[PDB]
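Student:
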Ligand code: CLA
Ligand code: CLA
Ligand code: CLA
Ligand code: CLA
Ligand SMILES: CC(/C=C/C=C(C)/C=C/[C@@]12O[C@]1(C)C[C@@H](O)CC2(C)C)=C\C=C\C=C(C)\C=C\C=C(C)\C=C\[C@@]12O[C@]1(C)C[C@@H](O)CC2(C)C
Ligand SMILES: CC(/C=C/C=C(C)/C=C/[C@@]12O[C@]1(C)C[C@@H](O)CC2(C)C)=C\C=C\C=C(C)\C=C\C=C(C)\C=C\[C@@]12O[C@]1(C)C[C@@H](O)CC2(C)C
Ligand SMILES: CC1=C(C/C=C(\C)CCC[C@H](C)CCC[C@H](C)CCCC(C)C)C(=O)c2ccccc2C1=O
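Chains as they are written, first to last, in PDB author numbering: chain 3, 52 to 271; chain A, 9 to 750; chain 2, 54 to 262; chain B, 662 to 734; chain J, 1 to 40; chain N, 86 to 169.
1. Hey, quick one: how far does the alpha helix (DSSP H) through residue 162 (chain 2) stretch, first residue to last?
2. What residues from chain A crowd round residue 6 (chain J), counting only those whose CB sits closer than 7 Å?
3. In or out: residue 618 (chain A) buried (at least 16 other Cβ within 10 Å) or exposed?
4. CA-CA distance, residue 37 (chain A) and residue 195 (chain 3)?
5. Any Cβ of chain N within less than 8 Å of the Cβ of residue 148 (chain A)?
6. For residue 90 (chain 3), which three-state DSSP category applies?
7. Label residue 517 (chain A) either buried or exposed according to how many other C-beta atoms from any shown protein chain fall within 10 Å of its C-beta, with 16 as the threshold for buried.
8. With a cut-off of 8 Å, does the C-beta of residue 13 (chain J) fall near any C-beta of chain A?
9. Rounded to the nearest angstrom, what separates residue 138 (chain A) and residue 145 (chain A) at their Cα positions?
10. Give me whichever residues DSSP pairs with residue 521 (chain A) in a beta bridge.
11. When the cut-off is 8 Å and only beta carbons count, does residue 77 (chain 2) lie next to chain 3?
12. Shorter than 7 Å, the distance from the beta carbon of residue 116 (chain 2) to the closest heavy atom of ligand 6, or not?
13. Taking contact to mean at least 3 C-beta pairs separated by less than 8 Å, is the stretch 122-134 of chain A in contact with the stretch 106-119 of chain N?
14. What does residue 698 (chain B) touch in chain A if you count any residue whose Cβ is under 7 Å from its own?
15. Who pairs with residue 317 (chain A) in a beta bridge, going by DSSP?
16. Do residue 635 (chain A) and residue 527 (chain A) have their C-beta atoms within less than 8 Å of each other?
17. Grab the span of the beta strand (DSSP E) containing residue 613 (chain A) for me, first residue to last.
18. Does DSSP put residue 254 (chain 2) in a helix, a strand or coil?
19. Nearest CA to the CA of residue 20 (chain A): which residue from 407 (chain A), 182 (chain A), 544 (chain A), 255 (chain A)?
20. On a CA-only basis, which of 710 (chain B), 717 (chain B), 673 (chain B), 688 (chain B) is nearest residue 697 (chain B)? Give me that one, please.
21. Mind checking residue 414 (chain A): buried by the 16 CB within 10 Å criterion, or exposed?
22. Using DSSP bridges, identify the partner residues of residue 182 (chain A).
23. Pick from 425 (chain A), 645 (chain A), 354 (chain A), 97 (chain A): whose alpha carbon is nearest that of residue 396 (chain A)?
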């Protein structure tokens with residue numbers, strides 16, 4: 052197996068049993084000895100997969116309005132950089148049907164109902180297929196693996212029937228999650244340095260590459 | 009290998025042990041039979057190594073106690089910011105800091121106490137504060153009361169966070185002993201992480217929020233029209249007008265053209281004439297350099313990769329023909345004894361606090377701090393007292409380590425062994441030094457007093473008589489005054505105005521700082537200081553060195569660290585424990601610090617502080633009477649104690665009336681302590697025997713049998729009351745004098 | 054009223070505390086602070102919740118029914134928030150003292166019931182008039198249960214009591230809601246409801262800055 | 662000093678001075694004839710009380726005589 | 001619950017509650033009946 | 086630029102002095118509300134600061150009104166909201 056900056060400590064517990072395993076753990080965060088709460092091997096893999104899943108959607112969320120508005124698809128005023136949509140009021144904001152602080156409460160309620168239910172699966176595997184939830188609990192029983200629930204809702208197409216395809220898909224998903232993680236970190240770093248959006252940054256670089264980079268942008 | 013090591017749910021969270029007082033110790037948990045129990049519960053509350061012999065269990069307890077202390081400190085800071093935001097005249101003081109006295113406490117109108125709301129100016133009535141918070145807030149760029157409210161809310165949130173962290177790390181995730189003993193990682197993180205990153209962040213705040221707002225303030229623009237701090241980050245153009253170099257961005261930093269940042273990163277020295285404090289451009293550069301120095305320092309030790317040092321390796325390689333094996337064995341001692349680490353850290357912190365006190369008056373960092381005499385005197389005295397107390401605690405805990413954790417069979421060290429093998433020579437030499445210094449310092453004062461009383465002023469030790477000039481300190485002053493020209497060419501002015509550069513800084517018709525002259529009187533007080541410091545060192549070192557055994561008591565270790573005596577035998581064996589030595593050394597620390605603060609007060613009021621007119625004439629508070637009057641004890645009695653106490657004794661019926669009341673109360677408590685210090689418990693137990701009879705006659709005798717205080721407890725009560733009364737007397741007298749006349 | 058270990062919980066997937074068993078009506082396993090750990094504390098708290106629920110139900114009716122009819126015009130009652138400072142046939146102090154006397158007699162007899170169950174079921178003046186209730190908190194009789202719905206099967210009784218407890222909890226929330234809404238908005242509750250229904254995206258708490 | 666500090670501290674300190682004298686050249690030629698010991702427990706109380714009383718009497722005598730003789734009432 | 005009530009019955013907690021109530025009572029009496037030298 | 090904000094402060098000296106007087110007077114009267122009779126038992130169910138914007142208490146409302154005046158929408162340092 053290909054190893055990227057491994058160690059004796061890393062290879063003791065990183066044995067290839069997890070998808071996207073390259074023995075990379077310089078700081079020993081996944082060591083099973085004396086591990087609990089936030090720093091345990093089973094919470095960290097779930098956190099990696101979950102964070103990659105949100106980052107994968109977030110990259111498209113940031114890139115879609117700016118790309119569509121650079122074409123003639125969506126109205127210009129709805130095509131904004133991700134930091135000018137109201138998420139960062141100093142950089143500008145948009146006027147929606149509801150106040151942003153009222154939208155925050157609605158999102159808080161919905162997302163809380165989702166995430167507390169997600170957590171009770173981790174803290175109690177089969178718990179959420181038992182109590183009445185308007186009949187949806189029939190498909191919210193989990194699978195015993197917190198990051199891979201499956202079922203009628205979360206895996207409706209029923210892909211990865213055999214083990215060899217499920218493992219390959221898990222590898223691809225963790226790899227794309229890592230790549231989108233890096234992409235969103237790049238977005239966050241580029242936003243203050245260069246005052247424009249990621250797509251404008253891309254276009255301005257393949258127009259005159261030697262005058263649009265970090266070396267030039269050590270001025271803002 | 010260095011890794012996180014925790015234990016899950018070690019102690020269950022329940023109220024059952026709250027209902028059982030004394031649960032932490034075997035003896036106390038059984039309940040009380042006499043009143044002594046009630047005291048024993050409070051004296052052993054935090055003596056964790058006496059509760060259990062497990063090092064891990066003790067370490068977890070101290071780790072959570074630190075979180076509790078941090079929560080209390082955050083609550084205190086939140087209260088200070090909230091009172092600044094809600095009950096203060098800060099916004100009026102900002103527009104006129106030279107004519108308005110800071111105030112952040114307002115009393116209620118009850119039982120006539122509303123007289124304490126005095127005229128501090130700015131259309132405000134309150135109590136004048138001497139903490140210096142107003143100048144620090146002005147330096148930080150704080151301009152409105154809203155930003156203080158947000159700071160109070162944040163400090164409350166942080167206090168809640170620390171309390172939750174303490175509970176979580178004692179009851180849910182308790183770190184193992186190996187985690188605590190990872191000293192290399194702790195040193196690396198505290199040097200690079202805490203200090204380096206903290207100073208870097210503060211430097212960023214200063215170059216982004218402090219420098220521009222203070223430039224606007226020092227230019228004379230209204231605080232309510234200064235742009236908000238974030239406006240100096242949003243449009244960089246506002247920042248490119250005060251300093252055009254900001255137009256270049258971070259390109260000069262990465263291309264190594266640092267002189268392009270000379271506008272806001274300077275090496276000036278001296279004081280800002282408009283402000284009377286250190287240049288903010290100097291302070292930002294200081295913090296930016298300190299950040300780099302500490303970030304590089306925090307990379308010295310080896311944690312998980314090959315690079316770095318081993319502390320044990322460094323210790324074991326330092327030995328010589330006079331010191332045997334050297335420092336070998338010290339790593340084992342300092343990684344298994346909490347008391348030795350506490351002793352070392354207490355000594356270093358107490359020494360650093362005194363340095364802070366000395367440096368803050370000579371180089372006022374905050375704006376309008378030098379001309380606020382009440383704040384300067386209060387800060388100096390406060391930090392001197394804190395340093396002295398921490399230094400005494402260092403000796404106490406070194407003695408505790410010697411009594412309990414010392415073990416030559418398993419934790420031998422050559423240096424400590426060799427020190428214990430010639431302690432007689434050390435103690436006798438320090439005794440001789442103390443006697444010599446006491447004579448040649450205090451007896452000169454007696455000689456001067458007798459010569460003055462005999463009508464022979466020409467036979468005294470004075471500047472107009474037999475001279476004793478501090479030539480070495482004068483040479484150091486002259487050398488530091490010439491530094492900008494030869495030894496610090498890049499510096500524009502000397503590091504302080506007191507070295508002798510022949511300039512004075514005046515702010516609002518008041519003298520900030522000027523060259524401080526040294527003469528015979530200073531020669532006298534400095535040796536007085538040295539004598540008292542040496543006596544305190546003698547008392548504490550004799551207790552530390554002779555704690556385990558002496559020729560009188562071969563087995564003093566079996567008696568413990570804190571015991572009254574070993575009986576009236578051998579002529580009398582009172583106060584032979586190491587605890588008594590701390591009890592005695594507290595008095596001498598008090599004496600030394602009192603003399604130091606008296607010296608500071610008189611010198612500042614006589615030769616530095618004062619007023620300046622629009623002619624060029626300086627008039628000091630006491631008119632330069634220190635040189636000719638501070639050389640006799642009668643001079644201190646008359647021109648300092650009698651003359652300057654005239655304020656606190658005529659403060660009745662004014663806003664300063666609370667200081668005379670505290671003056672009398674402190675005198676009363678100081679006198680009260682002498683009952684405990686001069687007597688013994690055998691008389692008091694016999695006296696209690698008669699009162700118990702009177703109670704039994706009326707069937708009101710309590711089941712908890714009344715006991716006189718223990719021999720050690722009476723000493724503790726006496727010394728605590730003595731120190732409280734003494735320190736409060738000076739607190740009230742100093743504050744009244746410097747608020748009325750300053 | 055038997056144990057119910059499979060009842061719906063306030064926090065699905067959690068474990069109810071051992072003292073919260075399921076025999077009491079309207080039990081969802083909600084006691085995170087352990088306020089009812091002792092059996093005596095639970096006995097006292099059940100009665101406290103019952104009386105709070107009933108008082109808040111009466112209060113919710115008295116605030117919300119008259120103020121809805123004012124907005125329709127069937128009535129012209131004043132605002133509930135300031136109805137206490139108006140002038141009546143007597144000053145407020147003597148009204149409060151008379152209420153203290155009457156309600157104190159009633160509450161003292163209820164206290165005697167709580168401390169000793171049988172104790173006060175009989176008329177002090179006319180020995181033949183008795184309260185037919187059996188459990189504490191449900192006095193029964195012709196005075197407190199004229200229609201006889203208070204007694205019945207041990208299965209319909211549990212749901213009849215659960216409805217009361219849940220309605221009382223809702224009214225308890227609603228009374229404080231109306232109070233704080235009047236404090237922070239300066240107008241009536243039905244005005245608040247209509248304004249929020251007109252502009253749900255903006256007419257909320259955050260519409261104060 | 663005599664009323665606050667007690668004997669054992671002083672005895673343990675006198676032991677070191679005895680060693681220092683016994684080890685100092687040109688001073689070994691001189692020997693004490695009575696062994697130096699600290700003051701007794703009762704002796705120290707008496708000495709401290711005597712100093713306290715003498716200071717108490719002299720301070721007030723000086724103050725009274727000087728204050729009544731500066732102005733003669 | 002029982003243990004917490006036992007803890008609140010300990011001497012220092014009861015003492016601070018009692019003296020706080022006493023201080024409040026005396027303060028309010030002095031606020032509404034100030035400057036009393038005699039008993040009319 | 087400094088000598089532009091000096092011009093700005095010259096034209097608004099009186100207005101800023103009236104802000105300072107109001108904000109210090111409110112800070113002092115916060116300790117005297119009950120004696121004055123402005124914020125007490127039946128109306129102090131919440132803060133006297135909360136009562137300042139719903140009842141017009143004498144001294145804690147002048148500060149609220151004067152606090153931001155002549156300032157823009159997002160440039161009053163004493164109120165985050167001001168003109169929202
Ligand atoms: C070290 C921190 C610290 C310190 C020393 C102070 C000190 C002070 N604050 Mg303060 N404060 C702080 C932090 C601090 N605060 C923080 C963090 C906040 C933000 C929440 C505040 C918010 C604040 C406000 C809003 C006010 C003060 C006020 C005051 C002053 C009067 C306080 C008083 O009388 O208590 C009030 C009395 C009590 C709290 C009672 C003590 C309770 C103990 C537990 C005993 C309980 C017994 C009880 C009283 C008896 C009845 C019980 C019942 C069962 C019968 C006083 C100078 C007041 C002031 O200056 O007025 C001009 C004021 O209005 N503070
Ligand atoms: C860069 C990393 C870092 C930082 C910033 C700190 C900072 C601190 N440590 Mg620390 N520590 C570290 C790494 C670090 N440590 C490591 C790696 C070890 C193991 C070898 C330890 C072991 C250790 C012990 C055993 C003790 C400390 C203590 C302290 C505090 C000293 C008191 C003080 O100066 O108040 C400064 C106060 C502040 C700066 C206020 C802000 C508080 C900071 C920001 C919180 C620190 C968060 C922490 C680094 C990570 C949080 C974990 C995360 C899951 C939330 C201080 C907060 C002492 C203490 O007081 O314990 C509570 C103590 O007894 N540390
Ligand atoms: C961070 C510093 C620090 C820490 C962690 C400790 C920790 C400890 N010390 Mg220590 N100490 C310190 C600083 C420190 N000390 C300093 C600075 C001194 C010099 C004064 C001492 C002197 C000292 C002695 C002499 C002894 C200890 C002892 C102890 C241990 C038991 C403590 C205990 O149960 O107290 C319980 C706490 C109390 C009984 C509370 C006392 C209250 C004080 C006296 C009142 C303070 C006045 C107050 C500020 C004013 C209030 C006014 C009033 C009207 C309200 C414990 C390990 C004892 C021990 O056996 O160690 C093993 C012991 O004999 N220490
Ligand atoms: C003002 C009162 C006072 C004075 C003068 C002293 C004096 C002394 N104490 Mg001390 N002490 C006091 C109060 C005082 N104490 C109190 C209240 C306490 C309780 C906390 C202590 C606790 C204490 C301890 C715990 C220790 C001392 C020590 C010392 C000695 C330090 C060495 C020194 O300076 O010798 C020089 C002598 C003097 C300064 C005395 C004045 C002499 C002048 C010059 C006049 C002499 C002229 C001439 C000889 C007269 C001869 C005339 C002829 C007719 C007789 C010294 C004898 C330390 C010690 O013994 O170390 C050596 C020590 O360890 N003391
Ligand atoms: C989750 C995430 C981002 C999610 C973003 C979302 C939902 C964005 C949403 C929005 O855009 C839209 C949709 C629309 C906008 O209008 C609103 C917002 C809200 C703006 C990024 C994670 C980003 C996570 C990142 C970048 C993590 C990086 C971690 C690294 C590199 C760690 C490496 C190590 O830990 C190892 C591997 C081994 C150790 O031993 C050594 C070290 C080195 C410590
Ligand atoms: C909200 C409330 C109680 C809330 C308590 C809660 C949530 C406690 C929760 C917890 O403890 C548990 C459950 C479990 C613990 O482990 C956790 C916590 C969280 C600690 C009571 C309100 C109770 C509210 C009540 C009883 C209100 C009654 C109102 C009346 C009678 C009004 C009458 C009037 O309005 C009219 C009718 C006409 C007007 O003109 C005149 C007046 C008089 C104003
Ligand atoms: C005065 C004195 C005493 C007597 C002092 C005692 C016993 C202090 C204890 C009494 C105080 C007042 C505590 C008693 C108060 C109760 C804890 C609570 C009382 C209830 C209310 C009044 C609060 C000694 O025991 C003693 C021992 C050794 C050397 C010197 C001395 C010494 O000087």
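Ideal Cβ placement from N, Cα and C applies to all residues, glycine included.
Tutor: Working from what's here:
1. In the third chain, counting from the first residue as 1, residue 162 (chain 2) sits at position 109. Counting along the chain, the alpha helix (DSSP H) containing residue 162 (chain 2) begins and ends at 145-168.
2. Taking the fifth chain and counting its residues from 1, the one referred to as residue 6 (chain J) is at position 6. The answer, in chain order, is 27.
3. Residue mapping note: residue 618 (chain A) aligns to position 610 of the second chain, counting from 1. By the 10 Å Cβ count, residue 618 (chain A) comes out buried.
4. Residue 37 (chain A) sits at position 29 when you count from the first residue of the second chain. Residue 195 (chain 3) sits at position 144 when you count from the first residue of the first chain. Between residue 37 (chain A) and residue 195 (chain 3), the C-alpha separation is close to 48 Å.
5. Residue 148 (chain A) sits at position 140 when you count from the first residue of the second chain. Taking Cβ atoms only, chain N never reaches closer than 8 Å to residue 148 (chain A), which makes this a no.
6. What you label residue 90 (chain 3) is simply residue 39 of the first chain in a count that begins at 1. Strand.
7. As a first step, residue 517 (chain A) must be located in the second chain, where it is residue number 509. Classification of residue 517 (chain A): exposed, given that the 10 Å Cβ count is below 16.
8. Residue numbering aside, residue 13 (chain J) sits at position 13 when the fifth chain is read from its first letter. False, the Cβ-Cβ gap to chain A never drops below 8 Å.
9. Counting from 1 along the second chain, the entry for residue 138 (chain A) is found at position 130. Counting from 1 along the second chain, the entry for residue 145 (chain A) is found at position 137. Cα-Cα distance, rounded: 14 Å.
10. Translated into the one-based positions of the second chain, residue 521 (chain A) becomes position 513. For residue 521 (chain A), which the question treats as bridged, DSSP gives the partners 513 (chain A).
11. The residue you call residue 77 (chain 2) lines up with position 24 of the third chain. Not closer than 8 Å to any Cβ of chain 3, the Cβ of residue 77 (chain 2) fails to qualify, so no.
12. The residue labelled residue 116 (chain 2) in the question sits at position 63 within the third chain. Yes, the Cβ of residue 116 (chain 2) comes within 7 Å of a heavy atom of ligand 6.
13. yes
14. Mapped onto the fourth chain, residue 698 (chain B) falls at position 37. Per Cβ cutoff of 7 Å: 579.
15. Counting from 1 along the second chain, the entry for residue 317 (chain A) is found at position 309. DSSP, once it has assigned bridges, lists 309 (chain A) as partnering residue 317 (chain A).
16. By 1-based counting over the second chain, the position of residue 635 (chain A) is 627. By 1-based counting over the second chain, the position of residue 527 (chain A) is 519. Cβ distance < 8 Å, so residue 635 (chain A) and residue 527 (chain A) count as in contact.
17. Reading the second chain from its first residue, position 605 is the one you call residue 613 (chain A). Counting along the chain, residue 613 (chain A) falls outside any beta strand (DSSP E), and DSSP gives it neither H nor E.
18. Looking up residue 254 (chain 2) in the third chain gives position 201. Three-state result, residue 254 (chain 2): coil.
19. Position 12 of the second chain, counted from the first residue, corresponds to residue 20 (chain A). The residue with the shortest Cα to Cα distance from residue 20 (chain A) is 182 (chain A).
20. Looking up residue 697 (chain B) in the fourth chain gives position 36. The shortest Cα separation from residue 697 (chain B) among 710 (chain B), 717 (chain B), 673 (chain B), 688 (chain B) belongs to 673 (chain B).
21. What you label residue 414 (chain A) is simply residue 406 of the second chain in a count that begins at 1. Looking at its Cβ environment, which holds 16 or more other Cβ atoms inside 10 Å, residue 414 (chain A) is buried.
22. Here residue 182 (chain A) is taken as the residue at index 174 of the second chain, counted from 1. Looking at the DSSP assignment, residue 182 (chain A) forms a beta bridge with 15 (chain A).
23. Translated into the one-based positions of the second chain, residue 396 (chain A) becomes position 388. Of the candidates 425 (chain A), 645 (chain A), 354 (chain A), 97 (chain A), the one whose C-alpha sits nearest the C-alpha of residue 396 (chain A) is 354 (chain A).
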